[PDB]
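Heads up, the thing below is written out as structure tokens.
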Amino acid sequence: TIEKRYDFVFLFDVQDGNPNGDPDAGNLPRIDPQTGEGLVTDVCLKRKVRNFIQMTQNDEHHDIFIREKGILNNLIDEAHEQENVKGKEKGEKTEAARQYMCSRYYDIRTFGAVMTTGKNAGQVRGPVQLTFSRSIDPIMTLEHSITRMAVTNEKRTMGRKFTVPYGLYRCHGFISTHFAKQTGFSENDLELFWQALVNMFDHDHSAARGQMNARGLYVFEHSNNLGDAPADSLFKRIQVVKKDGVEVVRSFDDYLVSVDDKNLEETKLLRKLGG
Amino acid sequence: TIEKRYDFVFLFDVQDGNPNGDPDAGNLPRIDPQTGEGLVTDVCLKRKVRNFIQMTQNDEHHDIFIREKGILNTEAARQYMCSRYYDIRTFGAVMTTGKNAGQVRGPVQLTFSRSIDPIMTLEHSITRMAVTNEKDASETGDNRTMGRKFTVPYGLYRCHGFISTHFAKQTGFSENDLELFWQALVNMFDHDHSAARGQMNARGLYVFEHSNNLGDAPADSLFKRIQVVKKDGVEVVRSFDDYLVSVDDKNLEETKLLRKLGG
Amino acid sequence: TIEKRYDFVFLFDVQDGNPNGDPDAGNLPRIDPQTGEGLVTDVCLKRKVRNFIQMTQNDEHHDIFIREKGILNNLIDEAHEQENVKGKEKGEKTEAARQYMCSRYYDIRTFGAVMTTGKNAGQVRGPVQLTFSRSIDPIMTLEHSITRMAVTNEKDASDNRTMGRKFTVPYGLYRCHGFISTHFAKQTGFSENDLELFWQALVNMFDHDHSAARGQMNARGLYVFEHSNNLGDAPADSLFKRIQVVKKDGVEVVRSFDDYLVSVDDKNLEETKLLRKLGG
Amino acid sequence: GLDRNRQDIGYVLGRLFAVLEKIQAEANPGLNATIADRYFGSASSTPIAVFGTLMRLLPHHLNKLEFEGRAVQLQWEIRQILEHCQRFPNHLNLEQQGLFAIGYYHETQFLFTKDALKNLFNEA
Amino acid sequence: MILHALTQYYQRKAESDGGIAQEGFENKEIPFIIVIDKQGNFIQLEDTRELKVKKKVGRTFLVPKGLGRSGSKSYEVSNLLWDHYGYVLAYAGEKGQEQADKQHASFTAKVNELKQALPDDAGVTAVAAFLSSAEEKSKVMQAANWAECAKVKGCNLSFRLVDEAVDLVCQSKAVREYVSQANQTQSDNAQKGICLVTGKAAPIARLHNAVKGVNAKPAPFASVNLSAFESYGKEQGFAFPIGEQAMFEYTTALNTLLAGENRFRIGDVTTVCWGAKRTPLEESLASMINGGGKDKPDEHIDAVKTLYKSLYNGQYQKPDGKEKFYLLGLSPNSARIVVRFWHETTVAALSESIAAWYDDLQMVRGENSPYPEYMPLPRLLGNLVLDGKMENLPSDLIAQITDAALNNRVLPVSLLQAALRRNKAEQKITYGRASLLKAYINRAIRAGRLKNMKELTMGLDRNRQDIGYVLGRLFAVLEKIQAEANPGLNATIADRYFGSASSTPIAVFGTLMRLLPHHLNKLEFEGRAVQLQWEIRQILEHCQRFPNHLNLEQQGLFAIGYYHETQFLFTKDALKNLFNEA
Amino acid sequence: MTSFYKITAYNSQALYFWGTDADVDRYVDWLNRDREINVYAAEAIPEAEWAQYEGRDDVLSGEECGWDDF
Amino acid sequence: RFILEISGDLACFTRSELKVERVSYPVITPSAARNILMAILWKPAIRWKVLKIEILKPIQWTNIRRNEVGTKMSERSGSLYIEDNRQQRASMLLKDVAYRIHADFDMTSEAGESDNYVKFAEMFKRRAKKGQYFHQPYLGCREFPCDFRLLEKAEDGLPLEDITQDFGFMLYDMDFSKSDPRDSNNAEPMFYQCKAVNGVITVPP
């Protein structure tokens, strides 16, 4: 049960590869169709964090609820098949089953989870809550046309491996104390989350995404669990832009990350983790 | 109680999340059909306020009674609860037993917060690396749970509201209660986050604090005094800075006070 | 299985060859249009590695699953034969298929594949993923034209005017970034032995793939940061940007590895990381 | 659609590249391969990398180019094109790069135009 | 005018030999009828269940209303004669025979009071003696026919008395006047005002008669069930006051329409369709023209021609034009029935609207196109969603889209944003989706909501200037070139850019043009290659610059342009003929 | 064993039902044909409260037709 | 004869019949107009007899579902816990409507001594031009605002010029007569929109 209320901004980069390939557009990195800015949806980082937990926690009280080969209802009923919830009647059972998972499935603790699948098991708003990342600058999906030399079936197969030459993606992630009360999102679970966000992509590499790194984790620790001031101001204090000269972004060096910690005398401790 | 009716405008934006999806239309952010202006039902703001009050005050004389299971876990009795559940007095209430057929009209009437300029929902089709049930969904070929996460790339929403002091008196809605209401309408989104809603912010709470209880000036013209519009440059909105928030407090002095709580 | 997570930069210079065609663009090397930088797709680099493994290990426990004429479905089904026909039933059949193919196909333990095409044999992410690989400095594809001294078919037979194009790169010190994922190595058993075979792959891989178009690639460097913890002791990016490759000050055209300076910094990054240099 | 005085650099370079495609295409009517087919990618991306070699190669194609007026007005086109291109960019960013391509196609409109080029040369 | 219009149509059906239920009945389907003499005792058992694709629940008999059980004290209430097996025969079915007995107990009493209130009819005497001697059928219920073993498709049996063999004792004249006067007396007992429909003082009907068909479950048209909706202490179904007689009127009118052929059920939003002067000759058609394909006739949608022929110059000229429709738009909200759209419309306005519609989605199809020449609205609205239409965004899209079609209104921007959704989602422009985008753009132009663009024409607007359209033209020419470049292809450029190419023209068009010539040389026949390049030259001649983005309207224009060019280039010689003209 | 059954799902219109427990389970299944999430759940209404939901037209019954919606 | 001009981006005069899923009356209910004119000014001495509602914007429905709750807020219960008590109510709202409600007030029997018709007339005039009110005029559903201004004769084009859609019977001022102070009970007194020629001629009882 964390106490402060956290509003962090995440700066990660996609050197070469799909940040979050849109299944609507082949594997195209999701680009905001208006801006050409890339979008690495909530769920993308969320799942990579889940992967990181899977990769570095591997125990109860920290399992993930959305695993790579997971029938959700099997987990859900595993919850329902818990004495703590077995003897509950109906409504309590729901709210108790949730408790069980929010005592085990770190993802459900950290982020949300829609547990209405089998034997219904409640919902968690999700103490942590990563909004969409956006690429600060329109990215240039590079359409990299690759060929597999071994045809898949009884038949030289064309294929695409969409990458982006570079994208500084800015997430705005939200960790509300009040929800943390109702999900038991411990301080320790939060520190695991921080280890994730700093190290998540370092631990989640794939051909389609290639080099993706965490740049900055500029966290604002709202002193009051009540928001010490609109997080909008907090994030706008983390102003990240092109260095004036560059018009074709290709590195984090092609960006500047201006933190604005001068005026935070309201004690929103600006923890610096990435940058 | 408050003595002077507060009209007000609420400038709040959706960074990249769902403002509030049509339970008609799957979950796409509410959309004015013939304009493309994003709606966000006042009801939605009212809910976020209720949530905020539940997530901040957490004490007697400040409960909600219209709470969420997901958040925290005759006129004499009517007045008891108006003093009791903050949402009773603040937004109103309807009692199973009450004078005006149960009405507890309550001060803070709000409005369907339109967008300033049409939003363009971004329907990020998303996958689940697990699947709900070991069934046709659990296809061995793949986990074709092409979940959608309809979102707005950005949208400025203009929630009018009309805290009417007479109902504050009729419900004991206090000056402190209304200060709480403003501070809620500001820090609310900060306290209300969710995968669907992404990041959502209060871009300014322009409170036309009148002076006379019955009022001071025609509300509509007042809300005209908060003219927000795209900067001429941007034909596509990507953030708050694309919008410009002009505040006309020139003839305001008549008897009003344009408190700029939000910014 | 891999003990320590590995993040490595692999500096390889095409010198007068086509490093990786772009079937999008004729056959000319993948040039990053918005920056004119050159690109060997990690599939292409990995495939040179696969080729090298075909070339050396040539046995079971090291097959390649993408052999020149291999019919992917048949290798998959052969997996669905070995002992998982009934050893596993319907759901763990796929997983045991993964485990088999990794036990046999060096490529799969190495880069994995989508094995759910035919008889679904699982998916493997690939413990040693390679970044899509870039050029430090823009390549300028020469686009050599080359004729036909004898024409293919009698129809075009009538000089011969059927000039082919042998695109090359005058030079480019293509940097690549490795990501060896211990926490995923366990998922396929890509082992330290298989790893050292991968290192010989990166060092000797171009030396064992010499085609017409590749010109004369070489593995200029293989700097590796060995994460002491399987957890990343540092983010991969700090590691990598520590390996700096620049134009030497005095040159504006690019010709050689001597043309670029390759600073292998290891001053303090060696907290628990190791920077050990197989390339040079 | 073509703009005489576009002055937007990538546009004019593509505009150049198209007129060169004209010069050599008319210079090698039998030969079907076009420098468009052979460079357009790099040309758009890296302009110098192939405008150097092409632009060297222009008068050789002019020599192959039979009708004389053909050659002199194609000179003329190059003339105002390089009026607009003050200086070959090291590279091309995207909007300018699609502009490269779109200038290509304005010129190739302008030159596959049945008669326009000689007229425009005449009052110039 | 919802309820009043329903009532109008009920009156029409009653007065026009439509044979609707006469204020006192429901056309409940009787699985089987026990044929009886003056003493019954199983004179015979006729099974009526023989029917359509499934072995149904009998012939349609306008028997007295189902008084409804509503659970707890079910056995107390019993339908007049036709009824449940446990009510009628006291057939067990299961341990729930004791209650069935009580059912029987009341049913008997019902029948008994039916005899007492209405003597001198042999039928009621017959069924009374029948109830006395149900043992004659206690064997029959397993001797002649069966109830499919729990409470299914044999349940709701009834009584017919021999010597008429066609008229049910339920629908027998004598019993009929009894039930009508009984509905009158019980009505007189209750409060008496006021109709929301006839406006006269009349018995208010609690529990509106659960119209059947919009929801899967038969559902109330308007039942203020839950406590909050209970508004002004009227407190259940008086919240709305409607004359119980008129309640019957409209609920039956709605039921018949919902079951009639007029149910062009686009996805969720079922849509009945009246005519104030009933049988305006369009009422039956209105579904066939906005639907009505059903895929079994495959031609009724092309009976829009009949409409489109009737439209003498574009505006309906037949005398039955000023007669009004109402175009109710029911839709499922699990227990209730949302009204998505009401649009009282003169058919002249409506037929004209359908004309304007099937003009506005009218988009070129290649010769021998699989797509129909006037695609049915359900199919279009299908295109706006991955597949099926339960996912289809019912009100926002289907309600308002249907409204605009049926009332010539401007299509919603919601339509465009959904359509562009599905564009970027399938990366492919079905004749369906493209037709909708054309309809929206054309109507927005004609309504000024979209400004400065000429109306889109089905035939490709070669002299179009719209950066949207003259980028769709590009993208499609590129699509053709890329296809011809690699005639065997996993998925062309369109399938992997149309989103960005529809919205972010620079970030992909730059790359696409870069690819273009490499594909262009790979053309097999360089005559075709130069033809394509000439068309692409014509295209880029109109454009001056790839925009950094596209407005939703422009994204549309892009989709329409792309589909027009894909039809153009897929046309056998069109590209060649234009090229040769140049 | 026939009961008034409340059918609830997260933020979903409550659906009241009357019939057997096997009946309500089958109706739950019908509601959950497509709902990969927000699966309607069956709850037994306490006997005393029955008269309240009784009458409410928003209830499906354990009569024959209470199963034709498939 | 006051001439108020209701205007609101979005109006909802729920049909009694389909109250459960808002069918907003095609026009404002004379009952609603009654309540708005109460909102501008209602001391219990005045009952607002609405004379002539005039349509000022063409009837433009727009549908929205508010994911609404459906149990009245009950005393004894501790909270409503919406997720249990949820009913997604659709609504065929009116969108962007203005109504020139020719209106009047009559002195109630509860007039009092200080009860000048001119008194409240002037008071309402001030409340309108000055734009005062008791509550911001709820335009059929208080969630939807109103923008009122006491026009003098005519200052907005009225759309339904020719005799337009008979909307059938609808809700008049929902009778309070059977009720004690503050509408304990009632009886909805349906009236007729007979000919919304241009402005519906609301009839007093």
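Lettering and numbering for the structure tokens are positional, with chains as A, B, ... in the shown order, residues counted from 1 in each chain, and ligands counted from 1 in the shown order.
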Using only C-alpha atoms and a distance of at most 8 Å, pull out the residues of chain B that contact chain E, as JSON, numbers by chain.
{"B": [24, 25, 26, 31, 32, 33, 34, 35, 36, 101, 120, 121, 122, 123, 236]}
Residues near residue 175 in chain B, anyone? I mean within 10 Å using only C-alpha atoms, not counting same-chain ones fewer than 5 positions away, as a list in words.
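Near residue 175 in chain B, the qualifying residues are residues 1, 2, 3, 4, 165, 168, 180 and 181 of chain B.
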Go ahead and save the picked residues with N, CA, C and O atoms, as a compact mmCIF listing (two decimals), in the first residue's frame.
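Saved the output as again-v1.txt:
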```txt
# COMPACT_ATOMS: atom_id res chain seq x y z
N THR B 1 -23.45 28.51 4.06
CA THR B 1 -23.50 28.05 2.68
C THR B 1 -22.90 29.09 1.77
O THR B 1 -22.66 30.22 2.19
N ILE B 2 -22.68 28.72 0.52
CA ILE B 2 -22.34 29.72 -0.48
C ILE B 2 -23.53 30.64 -0.65
O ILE B 2 -24.69 30.21 -0.55
N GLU B 3 -23.26 31.91 -0.88
CA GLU B 3 -24.33 32.88 -1.03
C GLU B 3 -24.53 33.31 -2.46
O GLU B 3 -25.60 33.82 -2.80
N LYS B 4 -23.53 33.11 -3.31
CA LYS B 4 -23.49 33.69 -4.63
C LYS B 4 -23.34 32.56 -5.64
O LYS B 4 -22.47 31.70 -5.47
N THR B 165 -26.54 28.75 -5.86
CA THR B 165 -26.41 28.87 -4.42
C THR B 165 -27.70 28.49 -3.70
O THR B 165 -27.66 27.98 -2.58
N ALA B 168 -27.57 25.11 -2.86
CA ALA B 168 -26.62 24.90 -1.79
C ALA B 168 -27.30 25.08 -0.45
O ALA B 168 -27.18 24.22 0.44
N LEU B 180 -14.12 22.49 -2.20
CA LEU B 180 -13.80 21.10 -2.48
C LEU B 180 -14.19 20.74 -3.89
O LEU B 180 -13.47 20.02 -4.57
N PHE B 181 -15.34 21.21 -4.34
CA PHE B 181 -15.78 20.86 -5.68
C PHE B 181 -14.83 21.40 -6.72
O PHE B 181 -14.51 20.71 -7.69
```
Set the cut-off to 6 Å and count only C-alpha atoms: what are the residues of chain B that reach chain G? Output as a ChimeraX atom specification.
/B:23-24,65-69,94-96,99-101,110-111,164,214-215,217-218,220
Going by DSSP on the backbone, which residues of range 47-245 of chain B come out as strand (DSSP E or B)? List them as a ChimeraX atom specification.
/B:63,85,93-95,103-104,110,113-115,122,125-126,131,147-148,151,155-163,194,198,200-209,226-230,243-245
Those same residues - C-alpha atoms - I'd like them written as a compact mmCIF listing (two decimals), in the first residue's frame.
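To be explicit, this is the file written out as out-v2.txt:
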```txt
# COMPACT_ATOMS: atom_id res chain seq x y z
CA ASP B 63 -19.13 10.37 1.40
CA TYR B 85 -22.86 12.29 1.62
CA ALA B 93 -29.65 13.49 -5.25
CA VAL B 94 -33.04 11.81 -5.53
CA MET B 95 -34.52 10.33 -2.41
CA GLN B 103 -35.75 15.60 -5.73
CA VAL B 104 -32.65 16.80 -4.05
CA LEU B 110 -23.06 20.47 -15.25
CA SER B 113 -18.77 18.91 -22.17
CA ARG B 114 -18.36 19.14 -25.91
CA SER B 115 -14.96 19.19 -27.48
CA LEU B 122 -7.63 6.48 -32.61
CA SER B 125 -6.49 -2.53 -32.03
CA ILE B 126 -4.73 -4.33 -29.21
CA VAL B 131 -6.92 -15.53 -23.93
CA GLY B 147 -9.28 -5.85 -28.46
CA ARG B 148 -9.93 -2.24 -29.29
CA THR B 151 -8.75 6.74 -27.85
CA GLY B 155 -9.34 16.97 -27.32
CA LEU B 156 -10.22 20.07 -25.36
CA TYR B 157 -13.58 19.76 -23.65
CA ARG B 158 -15.65 22.65 -22.36
CA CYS B 159 -17.80 21.59 -19.42
CA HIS B 160 -20.19 24.32 -18.45
CA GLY B 161 -21.51 24.19 -14.90
CA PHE B 162 -23.92 26.19 -12.83
CA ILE B 163 -23.48 25.85 -9.08
CA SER B 194 -7.53 4.31 -16.19
CA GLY B 198 -5.29 7.48 -20.60
CA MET B 200 -6.77 13.46 -18.88
CA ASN B 201 -6.17 16.88 -17.39
CA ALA B 202 -7.88 19.99 -16.11
CA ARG B 203 -6.72 22.71 -18.48
CA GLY B 204 -8.44 25.44 -16.56
CA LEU B 205 -11.40 26.04 -14.30
CA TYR B 206 -12.80 29.45 -15.08
CA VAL B 207 -15.19 30.09 -12.22
CA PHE B 208 -17.62 32.94 -12.76
CA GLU B 209 -18.25 33.60 -9.12
CA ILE B 226 -14.08 31.96 -21.95
CA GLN B 227 -13.22 31.76 -25.63
CA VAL B 228 -10.95 28.83 -26.34
CA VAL B 229 -10.10 27.91 -29.91
CA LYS B 230 -7.39 26.34 -32.00
CA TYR B 243 -5.53 25.56 -28.19
CA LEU B 244 -5.63 29.15 -27.01
CA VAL B 245 -7.65 30.15 -23.95
```
Please build the interface table for chain C against chain A with a cut-off of 8 Å, listing for each qualifying residue the nearest atom pair and the distance in Å to one decimal; count only C-alpha atoms, order rows by chain and increasing number, and write it as a tab-separated table.
```
residue	atom	partner	partner_atom	distance
C:22	CA	A:145	CA	6.2
C:23	CA	A:145	CA	6.2
C:24	CA	A:145	CA	6.0
C:30	CA	A:144	CA	7.8
C:32	CA	A:142	CA	7.4
C:34	CA	A:248	CA	6.7
C:35	CA	A:248	CA	6.8
C:41	CA	A:144	CA	7.5
C:42	CA	A:207	CA	7.4
C:43	CA	A:146	CA	7.2
C:44	CA	A:146	CA	8.0
C:66	CA	A:150	CA	5.1
C:67	CA	A:150	CA	6.3
C:68	CA	A:149	CA	5.9
C:69	CA	A:150	CA	5.9
C:70	CA	A:150	CA	5.1
C:71	CA	A:151	CA	5.6
C:72	CA	A:152	CA	4.5
C:73	CA	A:153	CA	5.1
C:74	CA	A:153	CA	7.7
C:117	CA	A:152	CA	6.8
C:118	CA	A:153	CA	7.0
C:125	CA	A:206	CA	6.2
C:126	CA	A:206	CA	7.1
C:129	CA	A:206	CA	5.9
C:130	CA	A:210	CA	6.5
C:131	CA	A:210	CA	4.2
C:132	CA	A:16	CA	5.6
C:133	CA	A:16	CA	7.6
C:177	CA	A:211	CA	7.2
C:179	CA	A:205	CA	6.7
C:181	CA	A:203	CA	6.9
C:183	CA	A:55	CA	5.6
C:184	CA	A:55	CA	7.9
C:231	CA	A:56	CA	7.2
C:232	CA	A:202	CA	6.7
C:234	CA	A:199	CA	7.9
C:235	CA	A:202	CA	5.8
C:236	CA	A:202	CA	5.7
C:237	CA	A:213	CA	6.0
```
Define the interface residues of chain B facing chain A as those within 7 Å, counting only C-alpha atoms, and report them as a list in words.
residues 16, 17, 55, 56, 70, 71, 72, 73, 125, 129, 130, 131, 132, 133, 134, 186, 187, 190, 191, 193, 194, 195, 198, 199, 201 and 236 of chain B
